[PDB]
Amino acid sequence: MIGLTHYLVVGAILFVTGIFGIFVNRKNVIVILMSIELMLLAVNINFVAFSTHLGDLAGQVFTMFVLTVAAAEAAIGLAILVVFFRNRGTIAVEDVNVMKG
Amino acid sequence: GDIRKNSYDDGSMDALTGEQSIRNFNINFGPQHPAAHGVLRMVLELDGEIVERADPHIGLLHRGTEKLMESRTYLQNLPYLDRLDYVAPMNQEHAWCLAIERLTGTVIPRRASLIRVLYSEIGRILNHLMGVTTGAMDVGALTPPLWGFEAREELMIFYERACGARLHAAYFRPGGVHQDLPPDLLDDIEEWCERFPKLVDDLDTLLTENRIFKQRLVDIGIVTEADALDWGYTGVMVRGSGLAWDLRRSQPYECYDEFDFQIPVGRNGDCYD
Amino acid sequence: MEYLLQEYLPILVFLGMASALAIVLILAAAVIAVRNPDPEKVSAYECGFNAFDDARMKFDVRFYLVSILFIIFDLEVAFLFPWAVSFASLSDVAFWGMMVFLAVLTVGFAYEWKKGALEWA
Amino acid sequence: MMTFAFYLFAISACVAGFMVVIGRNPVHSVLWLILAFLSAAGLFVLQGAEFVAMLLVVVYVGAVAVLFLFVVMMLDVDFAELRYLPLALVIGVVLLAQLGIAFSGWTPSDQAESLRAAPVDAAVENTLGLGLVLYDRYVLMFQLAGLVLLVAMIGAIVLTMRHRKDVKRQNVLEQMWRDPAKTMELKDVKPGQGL
Amino acid sequence: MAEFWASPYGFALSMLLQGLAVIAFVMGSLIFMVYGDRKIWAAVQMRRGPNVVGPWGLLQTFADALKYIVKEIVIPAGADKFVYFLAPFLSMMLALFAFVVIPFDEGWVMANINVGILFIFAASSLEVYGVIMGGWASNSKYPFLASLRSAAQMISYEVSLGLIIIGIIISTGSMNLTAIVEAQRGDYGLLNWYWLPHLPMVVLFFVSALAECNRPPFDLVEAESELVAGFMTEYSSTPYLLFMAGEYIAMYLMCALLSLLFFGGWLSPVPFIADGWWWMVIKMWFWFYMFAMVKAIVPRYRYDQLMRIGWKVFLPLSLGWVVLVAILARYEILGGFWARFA
Amino acid sequence: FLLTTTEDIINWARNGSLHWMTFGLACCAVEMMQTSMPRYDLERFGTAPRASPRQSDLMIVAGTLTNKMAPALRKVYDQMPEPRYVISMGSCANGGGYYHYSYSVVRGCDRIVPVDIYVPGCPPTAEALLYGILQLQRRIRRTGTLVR
Amino acid sequence: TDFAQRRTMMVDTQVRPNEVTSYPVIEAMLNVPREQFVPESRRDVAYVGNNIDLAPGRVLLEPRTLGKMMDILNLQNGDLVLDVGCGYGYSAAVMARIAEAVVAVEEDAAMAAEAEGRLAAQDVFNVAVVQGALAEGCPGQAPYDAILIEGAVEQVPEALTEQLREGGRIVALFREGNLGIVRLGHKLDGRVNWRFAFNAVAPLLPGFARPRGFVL
Ligand code: SF4
Ligand SMILES: [Ca+2]
């Protein structure tokens with residue numbers, strides 16, 4: 001029998017996977033952008049799961065706005081990555097390192 | 001005249017553009033390529049599909065014609081001319097005959113002169129039908145070649161009825177033309193001429209004012225008078241730029257003086273003109 | 001839920017069926033046709049001459065900016081589908097709120113167009 | 001069965017998500033990512049949130065394709081041969097375990113039912129239900145979302161826009177205005193006459 | 001048999017039989033679509049087209065299909081082998097899969113879902129991945145160039161595709177495909193169909209459909225004269241057959257959508273003839289005939305010029321139409337000519 | 001019987017769907033093109049052009065094969081999946097023709113690829129080529145198997 | 001003269017299209033000035049697609065021949081290479097940018113001395129020019145990972161192929177009348193096994209002819 005806990009567990013796994021992708025990636029900033037999308041997908045699973053099991057539409061409304069910000073974030077994330085690639089010639093995570101101390 | 005290092009309107013210089021270009025996008029365009037005419041190996045350097053360098057490799061159809069000609073008599077060499085610009089073979093035969101006739105100081109009969117003009121203009125239509133309608137096929141129009149090559153088929157039959165060959169006539173000879181035309185052939189050429197403008201209208205209706213056709217040709221390949229003189233341009237390559245140069249008028253040969261025709265010229269010197 | 005069973009289970013069933021049909025068609029030649037590979041046959045095609053390189057090099061995408069704007073415009077249109085479905089029940093605020101939303105969209109679109117962002121780099 | 005449908009989508013999403021972040025091939029990551037979004041859409045349908053299930057696929061099919069464009073635009077020069085992973089896996093496992101313990105005892109507040117702003121109606125289809133609240137009760141958020149999207153439009157253009165000034169360009173409307181009657185004309189060239 | 005058809009098994013067999021009916025119709029029509037496509041070009045081209053393989057060439061597609069089944073599969077040495085075989089599979093599978101929600105008559109639909117329009121959009125757009133992944137996975141330059149053009153094509157026709165049909169949803173009040181057809185029922189035959197109140201969007205949808213199907217004037221991912229065969233250059237035998245099958249199935253889906261959204265689906269153009277699946281099929285094949293005629297008469301755009309059409313022509317026009325239709329529907333101008341909802 | 005009638009079906013499908021690579025070298029290609037034009041309409045036999053060798057069953061060597069071109073012709077032939085058939089069209093491809101004694105010409109395309117049919121002429125007429133293609137179909141019917 | 005443009009054009013049109021894919025070779029040929037390694041009288045024709053004559057019977061090989069010759073040797077960063085008949089040292093300079101070190105053997109004291117001067121003037125330091133007979137090689141610094149012979153041969157003497165490491169590669173242009181075949185050899189179990197690589201022509205090196213006497 002599938003209850004709320006089943007969906008929350010899936011959400012937690014995707015969320016930790018997406019967080020994990022950010023702080024283990026070294027070679028590509030686009031894959032970090034993919035991990036951020038995994039992290040936000042996990043959030044929507046929570047909101048949809050809570051919404052349907054409570055019988056409330058707010059969580060589904062919240063999901064639509066999370067998608068809006070996810071789209072805006074991807075657009076800006078790719079734009080910032082474009083200007084970095086032009087200035088550095090690479091998009092490796094290990095190359096975003098000039099400033100330190 | 002070198003765009004390999006990209007130049008941007010904001011003056012930006014990318015880090016990679018600074019490095020020396022060792023790993024470029026080079027592609028073999030031909031020989032086995034529908035737009036390459038079978039024997040063109042053009043090496044293209046592309047930058048986001050912008051052509052930055054084009055390096056035609058030719059000779060894939062070099063057959064040593066000029067060497068082979070040195071061990072043959074003048075008559076034995078006449079068929080070699082057919083096979084150079086083989087879309088319109090008798091037009092190429094004409095230069096060989098004219099050169100021999102000039103050196104030998106020979107005058108060809110009047111009827112042979114008229115026949116040479118007749119079949120030279122058949123060749124011009126044979127070529128322009130091929131050029132225009134396969135050019136349309138190069139920009140994606142499937143139908144124009146089918147209509148045009150039906151008219152070519154009829155003209156190739158006029159070739160065969162004059163000499164017995166549809167393409168490589170070997171019909172113009174030093175001293176005139178090999179054989180006289182049957183009277184019924186002249187009737188059929190006249191009948192074909194009455195229909196032909198209708199096909200030209202149909203091709204014009206399909207293509208000339210089509211917006212897609214215009215967007216594929218207008219302002220493409222612009223040639224100025226100065227460009228024409230850089231590269232030895234002749235024919236439509238100069239007339240499209242507005243230079244009313246045509247050897248049939250500027251340096252008349254055969255009996256073209258007594259014919260009535262006009263020279264079309266373009267104003268913009270692009271693919272559309 | 002009945003709606004799930006009556007309407008969505010057939011989608012899942014047909015997804016498997018269409019997949020089986022496509023897979024069987026690939027396996028038909030894999031099992032019947034003669035296989036005779038050799039180094040020249042399996043080399044990359046570049047019109048009769050060897051390729052200069054493979055297709056794993058950087059390539060400038062001159063429509064990159066339009067593709068970023070494609071992502072944004074995708075979300076804008078998404079907000080219209082629930083509005084269009086609910087059109088009969090919309091209140092005055094719900095109706096004119098969308099008009100304001102679409103007006104803000106058009107200001108962004110007019111900014112892109114005037115800037116030149118719709119012309120390829 | 002619902003149990004089979006859940007685990008098909010649940011295992012597909014979780015496995016796909018893992019493959020996105022640990023795989024070495026960025027194009028393979030792109031294809032794993034779209035599988036994760038499709039699997040999550042399957043879960044959304046099972047719960048009766050069909051509109052956001054379908055909206056999610058529509059949005060991320062296009063968005064993931066754009067990601068593929070940037071992967072090949074900025075493809076690394078070492079594709080053929082493309083850390084503290086042990087410690088990282090330990091912190092990830094610890095975080096996942098903590099979340100699992102918190103979800104073991106999950107129970108909503110006893111007031112949660114009475115506080116619902118948009119209670120779901122069995123007789124109303126999901127898309128109609130969302131449309132009844134999205135544009136009236138949440139109208140302020142709806143308008144702010146439009147500005148969030150506008151900021152992305154301005155930012156992307158501000159940050160990146162540039163045009164090559166060394167390539168040949170055509171104005172399409174000027175191409176379509178070219179009059180054949182004006183651009184070509186016949187000339188009466190007399191014999192012997194050059195330019 | 002009553003004791004049977006009510007069980008899980010009789011329920012399971014019913015779905016499988018319904019699924020075979022869709023595959024039979026779509027694949028059976030594929031025999032005559034490829035034939036009919038070629039016959040139409042030939043007729044416009046003063047020639048016959050296939051006329052020897054079977055009577056009047058009617059068995060030509062069987063010969064073509066069989067030829068590929070006994071043709072060798074060549075796998076490029078440098079290709080990404082899993083993605084190489086996934087690309088043709090997705091191309092054919094997803095195009096066929098979209099037909100699960102297509103209704104052909106009253107109650108003749110495998111899945112009657114509330115979001116049928118969005119599901120169509122989801123499945124058709126995911127089908128493009130077959131072209132993008134097929135070109136890239138081959139690992140050769142011509143398929144690689146076509147792969148980028150395919151991504152460009154998606155960005156060109158999808159930005160306004162949703163807006164083009166939003167008007168029909170406003171008038172109907174539903175995304176259910178059957179509901180859209182019922183909204184076009186009335187006492188004036190074809191004058192109740194949506195082609196009339198949404199005449200501009202019929203043109204915009206048809207053109208967008210051509211681009212979505214990689215059909216001329218938007219056959220840019222193959223583009224023989226520029227790219228040899230585009231994304232299919234390195235594909236042979238049945239994997240290549242699947243790409244062609246998917247191209248025609250996707251075309252057939254657009255013919256269904258054109259007829260459902262704008263020409264009343266299975267409704268009769270005249271009151272005195274009955275409604276039924278025959279009207280749906282007649283309209284589908286008229287629109288296929290339009291697909292074939294266009295291929296015979298138009299040249300090819302540059303793919304940057306296709307993007308101009310989508311963003312600077314279709315996007316402003318479709319957006320303007322949605323606003324106009326909303327005002328006309330909101331105020332019931334012309335007595336609800338644009339407001340068909342109850 | 002089963003196997004002979006199976007081969008007959010295979011030979012029927014292969015003859016009725018004989019796709020040829022878009023490959024023309026010289027003035028034999030002009031007549032090859034006329035064979036596909038309305039007067040003859042080669043495609044009405046199911047014999048349609050294909051731009052890519054991966055989708056081609058038939059190569060028509062239509063024109064002179066030079067030494068510089070010979071490796072390119074061999075390569076695209078090697079990239080045809082099997083079965084693959086070759087028609088030699090015209091004197092140059094058949095034996096070198098008018099350029100037989102040249103320093104830069106292959107004296108017959110059968111020095112590079114195996115040939116199934118030779119079509120004589122310089123050029124063969126569009127009808128002569130159509131006859132040659134139908135002789136290839138007779139050859140396949142006579143000797144065709146699953147291998148070729 | 002803008003020799004840089006001529007050098008780039010030579011690589012683009014004479015090396016890249018001739019199945020030379022090794023980017024180390026393309027990088028090296030884009031950087032080593034060919035005109036600095038030809039006699040002064042040949043400086044303006046340094047980038048022509050033909051063999052340059054250095055001395056009677058000796059040439060600087062055509063760019064296509066050298067590009068393909070180096071591309072198939074497949075030189076590694078840790079390789080020690082024997083370049084037989086280095087002439088003025090152009091080939092040694094190109095290989096020096098890829099291999100660890102090069103031993104360049106030249107037989108004409110005039111060219112050997114010029115090779116040292118020109119190699120130094122280009123700041124090439126992993127190339128040693130050793131003066132002596134070409135057919136002998138340089139057995140003092142053997143074994144070598146790769147051997148490049150820069151002129152046509154009829155036979156490669158055993159003494160020369162013994163200086164090749166097991167698993168080493170030797171590339172030589174063989175002459176059979178008017179026909180020239182570049183072959184690539186691999187040392188296996190002590191025997192060098194030769195295979196066809198491509199067709200190219202050059203004059204015969206002195207000392208590599210075959211024994212040809214009376215035949216009835
Ligand atoms: S055989 Fe004759 S017609 Fe054919 S290519 Fe050779 S010269 Fe031209
Ligand atoms: Ca550049």
# chains A, B, ... in the order shown; residues from 1 in each chain; ligands from 1
call {"tool": "residues_around", "arguments": {"residues": "residue 35 in chain D", "least_positions_apart": "2", "cutoff": "9 Å", "atoms": "only C-alpha atoms", "output": "ChimeraX atom specification"}}
result
/D:12-13,16-17,30-33,37-40
call {"tool": "interface_residues", "arguments": {"of": "chain D", "to": "chain A", "cutoff": "8 Å", "atoms": "only C-alpha atoms", "output": "compact mmCIF listing (two decimals) with C-alpha atoms, in the first residue's frame"}}
result
# COMPACT_ATOMS: atom_id res chain seq x y z
CA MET D 2 -0.71 0.91 -7.93
CA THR D 3 2.19 -0.80 -6.16
CA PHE D 6 4.79 3.37 -8.07
CA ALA D 10 10.08 5.49 -8.25
CA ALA D 13 13.54 8.34 -11.17
CA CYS D 14 15.93 7.58 -8.31
CA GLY D 17 18.87 10.88 -10.85
CA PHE D 18 21.91 9.04 -9.54
CA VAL D 20 22.89 12.11 -13.86
CA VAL D 21 25.39 13.10 -11.18
CA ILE D 22 27.93 10.23 -11.19
CA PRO D 26 27.65 14.85 -20.11
CA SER D 29 23.67 12.85 -18.13
CA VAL D 30 21.26 14.79 -20.34
CA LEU D 33 17.86 13.72 -16.63
CA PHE D 37 11.55 14.01 -15.16
CA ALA D 40 8.48 11.92 -11.74
CA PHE D 44 2.42 12.83 -10.26
CA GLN D 47 -1.46 11.02 -7.20
CA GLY D 48 -4.00 12.76 -9.44
CA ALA D 49 -1.89 15.84 -10.19
CA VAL D 52 1.58 19.40 -13.34
CA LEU D 56 6.49 19.09 -16.17
CA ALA D 63 14.70 22.73 -21.37
CA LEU D 67 21.06 21.84 -22.04
CA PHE D 70 25.27 23.98 -24.33
CA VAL D 71 26.98 20.65 -23.66
CA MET D 74 31.20 23.89 -24.63
CA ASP D 76 35.49 19.50 -23.38
CA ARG D 83 37.92 13.73 -5.50
CA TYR D 84 36.80 12.96 -1.94
CA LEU D 85 34.01 10.68 -3.10
CA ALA D 88 31.03 12.69 0.30
CA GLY D 92 25.07 11.91 1.81
CA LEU D 95 21.72 13.17 5.50
CA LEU D 96 19.50 10.57 3.83
CA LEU D 99 15.51 12.41 6.57
CA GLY D 100 14.29 8.82 6.69
CA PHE D 103 9.71 10.72 7.77
CA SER D 104 9.25 7.56 9.84
CA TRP D 106 5.48 11.82 9.93
CA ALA D 112 -4.12 20.65 8.95
CA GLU D 113 -7.51 19.69 7.50
CA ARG D 116 -6.56 24.11 3.80
CA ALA D 117 -6.73 27.19 1.60
CA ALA D 118 -7.78 25.29 -1.55
CA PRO D 119 -9.51 22.02 -0.61
CA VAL D 120 -9.71 19.56 -3.50
CA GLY D 129 -9.48 23.20 -9.91
CA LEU D 130 -6.06 24.81 -10.31
CA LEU D 134 -4.29 30.19 -9.52
CA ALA D 145 6.10 35.15 -11.55
CA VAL D 148 10.67 36.79 -12.31
CA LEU D 149 10.53 35.67 -15.94
CA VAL D 151 14.30 39.46 -15.03
CA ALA D 152 15.57 36.30 -16.71
CA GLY D 155 19.62 39.25 -17.61
CA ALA D 156 20.30 36.76 -20.39
CA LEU D 159 24.98 39.23 -20.03
CA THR D 160 25.55 37.47 -23.34
call {"tool": "residues_around", "arguments": {"residues": "range 248-255 of chain B", "least_positions_apart": "3", "cutoff": "8 Å", "atoms": "only C-alpha atoms", "output": "ChimeraX atom specification"}}
result
/B:113-114,116-117,245,258-259 /D:189-194
call {"tool": "closest_residue", "arguments": {"among": "C:91, C:60, C:109, C:76", "to": "ligand 2", "atoms": "only C-alpha atoms and all ligand atoms"}}
result
C:60
call {"tool": "residues_around", "arguments": {"residues": "residue 118 in chain F", "least_positions_apart": "6", "cutoff": "8 Å", "atoms": "only C-alpha atoms", "output": "MDAnalysis selection string"}}
result
chainID F and resid 87:90 94 132
call {"tool": "write_last_selection", "arguments": {"atoms": "N, CA, C and O atoms", "output": "mmCIF file, in the first residue's frame"}}
result
data_model
loop_
_atom_site.group_PDB
_atom_site.id
_atom_site.type_symbol
_atom_site.label_atom_id
_atom_site.label_comp_id
_atom_site.auth_asym_id
_atom_site.auth_seq_id
_atom_site.Cartn_x
_atom_site.Cartn_y
_atom_site.Cartn_z
ATOM 1 N N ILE F 87 26.562 -1.343 -61.247
ATOM 2 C CA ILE F 87 26.402 -1.271 -62.689
ATOM 3 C C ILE F 87 27.496 -0.366 -63.230
ATOM 4 O O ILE F 87 27.686 0.750 -62.738
ATOM 5 N N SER F 88 28.225 -0.853 -64.223
ATOM 6 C CA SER F 88 29.201 -0.046 -64.942
ATOM 7 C C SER F 88 28.516 0.550 -66.164
ATOM 8 O O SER F 88 28.071 -0.181 -67.050
ATOM 9 N N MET F 89 28.432 1.873 -66.217
ATOM 10 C CA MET F 89 27.704 2.575 -67.265
ATOM 11 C C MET F 89 28.684 3.348 -68.137
ATOM 12 O O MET F 89 29.333 4.284 -67.665
ATOM 13 N N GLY F 90 28.772 2.972 -69.403
ATOM 14 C CA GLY F 90 29.488 3.752 -70.387
ATOM 15 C C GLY F 90 30.923 3.297 -70.579
ATOM 16 O O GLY F 90 31.500 2.589 -69.761
ATOM 17 N N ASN F 94 33.392 1.209 -68.211
ATOM 18 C CA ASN F 94 33.508 -0.164 -68.683
ATOM 19 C C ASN F 94 34.963 -0.556 -68.904
ATOM 20 O O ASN F 94 35.403 -1.614 -68.452
ATOM 21 N N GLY F 132 19.708 -1.837 -68.905
ATOM 22 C CA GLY F 132 20.737 -2.443 -68.079
ATOM 23 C C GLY F 132 20.282 -2.688 -66.656
ATOM 24 O O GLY F 132 20.645 -3.693 -66.046
#
call {"tool": "residues_near_ligand", "arguments": {"ligand": "ligand 1", "cutoff": "6 Å", "atoms": "only C-alpha atoms and all ligand atoms", "output": "list in words"}}
result
residues 83 of chain B; 26, 27, 28, 63, 64, 90, 91, 92, 122 and 123 of chain F
call {"tool": "write_last_selection", "arguments": {"atoms": "N, CA and C atoms", "output": "PDB file, in the first residue's frame"}}
result
ATOM      1  N   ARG B  83      33.220  16.415 -74.780  1.00  0.00           N
ATOM      2  CA  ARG B  83      33.226  15.855 -73.442  1.00  0.00           C
ATOM      3  C   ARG B  83      33.871  16.778 -72.414  1.00  0.00           C
TER       4      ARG B  83
ATOM      5  N   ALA F  26      30.566  11.975 -64.589  1.00  0.00           N
ATOM      6  CA  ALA F  26      30.805  12.755 -65.802  1.00  0.00           C
ATOM      7  C   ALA F  26      29.541  12.741 -66.657  1.00  0.00           C
ATOM      8  N   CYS F  27      29.700  13.014 -67.946  1.00  0.00           N
ATOM      9  CA  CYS F  27      28.622  12.993 -68.925  1.00  0.00           C
ATOM     10  C   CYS F  27      27.802  11.712 -68.987  1.00  0.00           C
ATOM     11  N   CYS F  28      28.208  10.592 -68.406  1.00  0.00           N
ATOM     12  CA  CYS F  28      27.246   9.504 -68.277  1.00  0.00           C
ATOM     13  C   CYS F  28      26.174   9.842 -67.247  1.00  0.00           C
ATOM     14  N   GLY F  63      30.470   7.416 -65.397  1.00  0.00           N
ATOM     15  CA  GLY F  63      31.463   8.375 -65.808  1.00  0.00           C
ATOM     16  C   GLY F  63      32.878   7.886 -65.646  1.00  0.00           C
ATOM     17  N   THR F  64      33.833   8.706 -66.066  1.00  0.00           N
ATOM     18  CA  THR F  64      35.232   8.319 -66.016  1.00  0.00           C
ATOM     19  C   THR F  64      35.696   8.230 -64.572  1.00  0.00           C
ATOM     20  N   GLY F  90      28.772   2.972 -69.403  1.00  0.00           N
ATOM     21  CA  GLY F  90      29.488   3.752 -70.387  1.00  0.00           C
ATOM     22  C   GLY F  90      30.923   3.297 -70.579  1.00  0.00           C
ATOM     23  N   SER F  91      31.515   3.763 -71.677  1.00  0.00           N
ATOM     24  CA  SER F  91      32.834   3.284 -72.074  1.00  0.00           C
ATOM     25  C   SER F  91      33.890   3.567 -71.014  1.00  0.00           C
ATOM     26  N   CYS F  92      33.911   4.774 -70.449  1.00  0.00           N
ATOM     27  CA  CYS F  92      34.959   5.095 -69.487  1.00  0.00           C
ATOM     28  C   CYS F  92      34.945   4.120 -68.321  1.00  0.00           C
ATOM     29  N   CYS F 122      28.463   5.642 -75.153  1.00  0.00           N
ATOM     30  CA  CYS F 122      29.273   6.792 -74.755  1.00  0.00           C
ATOM     31  C   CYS F 122      28.530   8.073 -75.089  1.00  0.00           C
ATOM     32  N   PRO F 123      27.502   8.416 -74.310  1.00  0.00           N
ATOM     33  CA  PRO F 123      26.903   7.662 -73.208  1.00  0.00           C
ATOM     34  C   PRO F 123      25.903   6.640 -73.706  1.00  0.00           C
TER      35      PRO F 123
END
call {"tool": "residues_around", "arguments": {"residues": "residue 38 in chain B", "least_positions_apart": "3", "cutoff": "6 Å", "atoms": "only C-alpha atoms", "output": "list in words"}}
result
residues 31 and 32 of chain B; 23, 24 and 25 of chain F
call {"tool": "interface_residues", "arguments": {"of": "chain G", "to": "chain B", "cutoff": "10 Å", "atoms": "only C-alpha atoms", "output": "PyMOL selection string"}}
result
chain G and resi 8+12-13+16-17+23-24+26-27+30
call {"tool": "residues_around", "arguments": {"residues": "residue 90 in chain G", "least_positions_apart": "3", "cutoff": "10 Å", "atoms": "only C-alpha atoms", "output": "NGL selection string"}}
result
:G and (29 or 32-38 or 60-61 or 86-87 or 93-96 or 115 or 118-119)
call {"tool": "residues_around", "arguments": {"residues": "range 271-277 of chain E", "least_positions_apart": "4", "cutoff": "6 Å", "atoms": "only C-alpha atoms", "output": "PDB file with N, CA and C atoms, in the first residue's frame"}}
result
ATOM      1  N   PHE E 104     -11.277   8.740 -32.736  1.00  0.00           N
ATOM      2  CA  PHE E 104     -11.695   8.619 -34.125  1.00  0.00           C
ATOM      3  C   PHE E 104     -13.198   8.639 -34.310  1.00  0.00           C
ATOM      4  N   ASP E 105     -13.956   8.458 -33.244  1.00  0.00           N
ATOM      5  CA  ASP E 105     -15.404   8.441 -33.300  1.00  0.00           C
ATOM      6  C   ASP E 105     -15.893   8.637 -31.875  1.00  0.00           C
ATOM      7  N   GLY E 189     -23.610  22.004 -40.177  1.00  0.00           N
ATOM      8  CA  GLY E 189     -22.547  21.178 -40.705  1.00  0.00           C
ATOM      9  C   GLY E 189     -21.157  21.728 -40.466  1.00  0.00           C
ATOM     10  N   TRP E 266     -14.926  13.655 -36.443  1.00  0.00           N
ATOM     11  CA  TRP E 266     -15.786  12.681 -37.101  1.00  0.00           C
ATOM     12  C   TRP E 266     -17.156  13.235 -37.459  1.00  0.00           C
ATOM     13  N   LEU E 267     -17.381  14.531 -37.285  1.00  0.00           N
ATOM     14  CA  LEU E 267     -18.667  15.127 -37.611  1.00  0.00           C
ATOM     15  C   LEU E 267     -18.841  15.267 -39.116  1.00  0.00           C
TER      16      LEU E 267
END
call {"tool": "select_by_dssp", "arguments": {"residues": "range 2-216 of chain G", "states": "strand (DSSP E or B)", "output": "ChimeraX atom specification"}}
result
/G:52-55,58-60,80-84,101-106,127-131,144-153,164-176,179-188,191-199,204
call {"tool": "select_by_dssp", "arguments": {"residues": "chain C", "states": "helix (DSSP H, G or I)", "output": "MDAnalysis selection string"}}
result
chainID C and resid 2:32 64:78 80:85 87:89 92:115
call {"tool": "closest_residue", "arguments": {"among": "B:90, B:165, B:108, B:136", "to": "chain F", "atoms": "only C-alpha atoms"}}
result
B:165
call {"tool": "residues_near_ligand", "arguments": {"ligand": "ligand 2", "cutoff": "9 Å", "atoms": "only C-alpha atoms and all ligand atoms", "output": "number ranges by chain"}}
result
B: 3-7, 17, 21, 24, 45-48, 50, 52; C: 60
call {"tool": "atom_distance", "arguments": {"atom1": "CA of residue 32 in chain F", "atom2": "CA of residue 47 in chain F"}}
result
12.2 Å
call {"tool": "atom_distance", "arguments": {"atom1": "CA of residue 149 in chain B", "atom2": "CA of residue 50 in chain F"}}
result
19.6 Å
call {"tool": "interface_residues", "arguments": {"of": "chain C", "to": "chain G", "cutoff": "10 Å", "atoms": "only C-alpha atoms", "output": "PyMOL selection string"}}
result
chain C and resi 49-53
call {"tool": "interface_residues", "arguments": {"of": "chain C", "to": "chain D", "cutoff": "6 Å", "atoms": "only C-alpha atoms", "output": "PDB file with N, CA and C atoms, in the first residue's frame"}}
result
ATOM      1  N   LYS C  58      34.095  21.049 -29.880  1.00  0.00           N
ATOM      2  CA  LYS C  58      33.247  22.201 -29.615  1.00  0.00           C
ATOM      3  C   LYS C  58      32.713  22.754 -30.924  1.00  0.00           C
ATOM      4  N   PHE C  59      31.492  23.272 -30.887  1.00  0.00           N
ATOM      5  CA  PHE C  59      30.896  23.901 -32.051  1.00  0.00           C
ATOM      6  C   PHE C  59      30.076  25.090 -31.590  1.00  0.00           C
ATOM      7  N   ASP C  60      30.357  26.255 -32.156  1.00  0.00           N
ATOM      8  CA  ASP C  60      29.607  27.446 -31.801  1.00  0.00           C
ATOM      9  C   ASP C  60      28.157  27.312 -32.242  1.00  0.00           C
ATOM     10  N   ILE C  71      13.434  28.780 -23.167  1.00  0.00           N
ATOM     11  CA  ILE C  71      13.100  28.244 -21.853  1.00  0.00           C
ATOM     12  C   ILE C  71      12.137  29.174 -21.130  1.00  0.00           C
ATOM     13  N   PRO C  82      -4.263  26.472 -17.696  1.00  0.00           N
ATOM     14  CA  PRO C  82      -5.339  26.458 -16.692  1.00  0.00           C
ATOM     15  C   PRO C  82      -6.298  27.618 -16.826  1.00  0.00           C
ATOM     16  N   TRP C  83      -5.810  28.778 -17.264  1.00  0.00           N
ATOM     17  CA  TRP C  83      -6.674  29.928 -17.492  1.00  0.00           C
ATOM     18  C   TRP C  83      -7.660  29.661 -18.618  1.00  0.00           C
ATOM     19  N   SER C  86     -10.357  27.219 -17.600  1.00  0.00           N
ATOM     20  CA  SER C  86     -11.265  27.793 -16.619  1.00  0.00           C
ATOM     21  C   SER C  86     -11.971  29.036 -17.131  1.00  0.00           C
ATOM     22  N   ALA C  94      -9.458  37.642 -12.271  1.00  0.00           N
ATOM     23  CA  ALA C  94      -8.799  36.520 -12.925  1.00  0.00           C
ATOM     24  C   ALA C  94      -8.617  36.779 -14.412  1.00  0.00           C
ATOM     25  N   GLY C 108       8.676  42.351 -22.260  1.00  0.00           N
ATOM     26  CA  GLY C 108       9.887  41.566 -22.395  1.00  0.00           C
ATOM     27  C   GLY C 108      10.158  41.176 -23.833  1.00  0.00           C
ATOM     28  N   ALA C 121      23.932  35.275 -33.362  1.00  0.00           N
ATOM     29  CA  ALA C 121      25.234  35.824 -33.026  1.00  0.00           C
ATOM     30  C   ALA C 121      26.193  35.761 -34.209  1.00  0.00           C
TER      31      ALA C 121
END
